[PDB]
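Step one of this worksheet: look at the structure below.
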Amino acid sequence: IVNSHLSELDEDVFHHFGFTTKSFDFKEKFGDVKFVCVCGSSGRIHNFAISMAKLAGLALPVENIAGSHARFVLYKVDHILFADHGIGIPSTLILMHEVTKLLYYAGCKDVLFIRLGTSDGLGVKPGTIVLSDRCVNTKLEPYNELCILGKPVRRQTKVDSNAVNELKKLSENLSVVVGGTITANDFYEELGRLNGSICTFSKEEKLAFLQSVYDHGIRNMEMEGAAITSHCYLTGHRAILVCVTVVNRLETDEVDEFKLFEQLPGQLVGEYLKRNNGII
Amino acid sequence: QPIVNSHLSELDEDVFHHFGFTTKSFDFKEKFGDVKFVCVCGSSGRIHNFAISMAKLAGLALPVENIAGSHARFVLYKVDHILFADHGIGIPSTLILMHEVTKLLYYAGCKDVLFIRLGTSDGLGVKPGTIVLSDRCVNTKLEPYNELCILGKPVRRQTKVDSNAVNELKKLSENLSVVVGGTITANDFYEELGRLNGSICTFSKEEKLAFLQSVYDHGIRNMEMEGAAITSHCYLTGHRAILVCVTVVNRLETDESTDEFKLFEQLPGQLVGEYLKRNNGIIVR
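Residue numbers (the entry's author numbering), protein chains in the order written: chain B, 7 to 180, 185 to 265, 270 to 294; chain A, 5 to 180, 185 to 264, 268 to 296.
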């Protein structure tokens, strides 16, 4: 589906990237992109871009394509774009809008979006990589909910099951678990944490909620999945979540090794990108 | 009297993961006990500069120390009775800040603290560069609520702004344009704010205008993405909140000079700074 309104613009400003459609030719600069790698922070995604560059044999430093003062960073190593989305669905939706618009202008078709994040684990020990076989909200519905012009809109989530299949098969020759993922808007109360500044439920209700979602296949929880997987589906691209778990929420709320866990998703996806020509 | 989360007493040590410190990091009573203001905005650089401007005003020697961990998600500064932090973009990011900052205030025994958001925003029927003092914070249906889904169950939390602080800021500006009006909080910069140049648009330019005109006639003068989170969380934790946002675009005209934008961003700080100087936010030495 195409936004007809874009073709009417004399110039289109990427407010959060720091450039416009008069900055450069998008086809020439981005036309070969087939993958988009994203995580929460600029630092981590830049480190991964650098890591991927070394794997491809790129000597020169990986340079920010985005404006220096812009909200998000943007790196490119061969056929891969790297960017940060911050914390939460709204921040992520901004990135998704501007990155998919970028892909549209560049003529990129059927691009795989990969989120390499961290997450709360359910019934798995910390350090476990969860490959999301589905992304659902806190009601375990595979939908991202929006209020557009004051009207309720539900947009269903979808994961590239083929990519999950590949990543899981690949991981065996290189622990990795395939399971469901909850996306929430509140790190504390909506994720059943007891140590927020506000708590309107008991431990019993918290555990009943966390056990039920586990029983219904959920293995991890985070705050951006529903946005990425729903937005990609609608704009003609693909999406997967590769997140390491940093805590078993069926056991506790609170959390060197943390930095080590963060490296794990990149180690898996990097090998995937190598064997599926994200790099030359 | 503020409601206390009893579960916090069950913890021997509490970790502020997004600030990168714990309850053993400082003596919270001695370190934060005199905090009566918390200033927040979207970026670490902007709020750092504002903290620096307040320190200069207070006659305090630079630099302003980031109390937060070096690799933490958020920054945290203190100048006399004011804390400074960034909240990033959107309600989820902001809610995390609110939880950890209000917990900090609790451990430090701080009561009735005033949260001030110094942001930029979409304008409605006002020229770019206009400071909107929010007298009302609502969602995209123009209801004064932040909606949540707690353990799968729908929750609506009422929003509230400090009218007295708003009134004081208004009168202060007269002796220093500033408009008092409604504020919409949305969860999406593009479609939910009625922008036509997203990657997805399921509405016409006619429907767009109707939506924005409607909210304008209902008193809304600006739109941003964090308001309902701040004002509802403060209400529940026994604190106060206001929004002081400069508008950068009049959405009733268009959806689209970097120098004057930098000038615009300075405006909320200039107003708020004067308020803090006269209301025991800083001590002038």
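By construction, the Cβ of each residue, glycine as well, lies at the ideal position given by its N, Cα and C atoms.
Ignore the nearest five residues each way along the sequence and tell me which others in residue i's own chain have a CB closer than 6 Å to its CB.
i                           : result
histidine 226 of chain A    : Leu146
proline 158 of chain B      : none
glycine 202 of chain B      : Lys216, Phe219 and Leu220
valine 44 of chain B        : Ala89, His91 and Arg121
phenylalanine 20 of chain B : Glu104
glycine 133 of chain B      : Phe275
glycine 292 of chain A      : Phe41, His85 and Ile86
Does the beta-carbon of residue i have 16 or more other beta-carbons within 10 angstroms, so that it is buried, or is it exposed?
i                           : result
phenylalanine 30 of chain B : exposed
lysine 28 of chain A        : exposed
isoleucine 7 of chain A     : exposed
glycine 49 of chain B       : exposed
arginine 229 of chain A     : buried
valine 295 of chain A       : exposed
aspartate 270 of chain A    : exposed
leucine 155 of chain A      : buried
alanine 55 of chain A       : buried
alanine 112 of chain A      : buried
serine 207 of chain B       : buried
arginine 160 of chain B     : exposed
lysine 288 of chain B       : exposed
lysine 273 of chain B       : exposed
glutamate 178 of chain A    : exposed
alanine 62 of chain A       : buried
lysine 40 of chain A        : buried
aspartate 263 of chain B    : buried
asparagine 195 of chain A   : buried
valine 265 of chain B       : exposed
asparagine 9 of chain B     : buried
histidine 247 of chain A    : buried
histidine 75 of chain B     : exposed
Do we get a CB-CB distance below 8 Å when we pair residue i with the residues of chain A?
i                            : result
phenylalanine 219 of chain B : yes
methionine 231 of chain B    : no
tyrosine 243 of chain B      : no
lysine 35 of chain B         : no
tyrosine 110 of chain B      : yes
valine 252 of chain B        : no
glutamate 264 of chain B     : yes
Answer with yes or no whether the minimum CB distance from residue i to chain B is below 8 Å.
i                           : result
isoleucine 56 of chain A    : no
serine 74 of chain A        : no
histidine 11 of chain A     : yes
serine 207 of chain A       : yes
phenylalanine 41 of chain A : no
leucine 15 of chain A       : yes
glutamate 215 of chain A    : yes
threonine 210 of chain A    : yes
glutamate 261 of chain A    : no
Which one or two residues does DSSP pair with residue i in a beta bridge?
i                        : result
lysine 157 of chain B    : B/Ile154
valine 187 of chain A    : A/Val136
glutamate 232 of chain A : A/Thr193
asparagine 53 of chain B : According to DSSP, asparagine 53 of chain B bridges with nothing at all.
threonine 124 of chain A : A/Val254
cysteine 43 of chain A   : A/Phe88 and A/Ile120
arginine 248 of chain B  : B/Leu118
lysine 174 of chain B    : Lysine 174 of chain B pairs with nothing; no bridge assigned.
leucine 80 of chain A    : A/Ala89
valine 19 of chain A     : A/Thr26
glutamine 162 of chain A : A/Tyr149
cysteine 141 of chain B  : B/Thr191
Could you tell me if the beta carbon of residue i falls within a distance shorter than 7 Å of some heavy atom in the ligand GTP?
i                      : result
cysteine 45 of chain A : Absence of the ligand GTP is noted for the structure shown, with no ligands found whatsoever.
Leaving out the 5 sequence neighbours to the left and right, which residues in its chain are closer than 8 Å to residue i when beta-carbon positions are compared?
i                       : result
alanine 59 of chain B   : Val68 and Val83
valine 170 of chain B   : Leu137, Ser138, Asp139, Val188 and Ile250
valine 142 of chain B   : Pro148, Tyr149, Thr163, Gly190, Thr191, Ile192, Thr193, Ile228 and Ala236
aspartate 18 of chain A : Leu12, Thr26, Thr27, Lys107 and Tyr111
Below 7 Å CB to CB, which residues in the same chain sit around residue i once its five sequence neighbours on both sides are set aside?
i                           : result
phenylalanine 78 of chain B : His22, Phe23, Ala72, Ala89, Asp90 and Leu101
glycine 284 of chain A      : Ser57, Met58 and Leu61
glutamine 281 of chain B    : none
(request) With 7 Å as the limit, tell me which residues of the segment 190-203 of chain A have their beta carbon closer than that to any beta carbon of chain B; keep them in chain order. (result) Of all residues in the segment 190-203 of chain A, the ones placed with a Cβ closer than 7 Å to any Cβ belonging to chain B are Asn195, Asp196, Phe197, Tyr198, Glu199, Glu200 and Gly202, in chain order.
(request) Taking only beta carbons into account, state which residues of the segment 96-107 of chain B come closer than 9 Å to chain A, listed in chain order. (result) So the list reads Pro96, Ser97, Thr98, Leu99, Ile100, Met102, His103, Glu104, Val105, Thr106 and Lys107, given in the order they occur along the chain.
(message) Closer than 9 Å between beta carbons: that is the criterion. Which residues of the segment 18-29 of chain B meet it against chain A?
(response) For the segment 18-29 of chain B, which is checked against every Cβ of chain A, the residues closer than 9 Å are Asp18, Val19, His21 and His22.
(request) Output, in sequence order along the chain, the residues in the segment 152-164 of chain B whose CB is closer than 8 Å to any CB in chain A. (result) Hits within the stretch, in order: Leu152, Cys153, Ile154, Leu155, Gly156 and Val159.
(request) Residues of the segment 127-148 of chain A with a CB closer than 8 Å to any CB of chain B: list them in chain order, please. (result) Look at the segment 127-148 of chain A: the residues with a C-beta under 8 Å from a C-beta of chain B are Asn143, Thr144, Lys145 and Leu146.
(message) Which residues of the segment 61-94 of chain A have a Cβ closer than 9 Å to any Cβ of chain B? Give them in chain order.
(response) Here the close residues are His75, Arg77, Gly92, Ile93 and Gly94.
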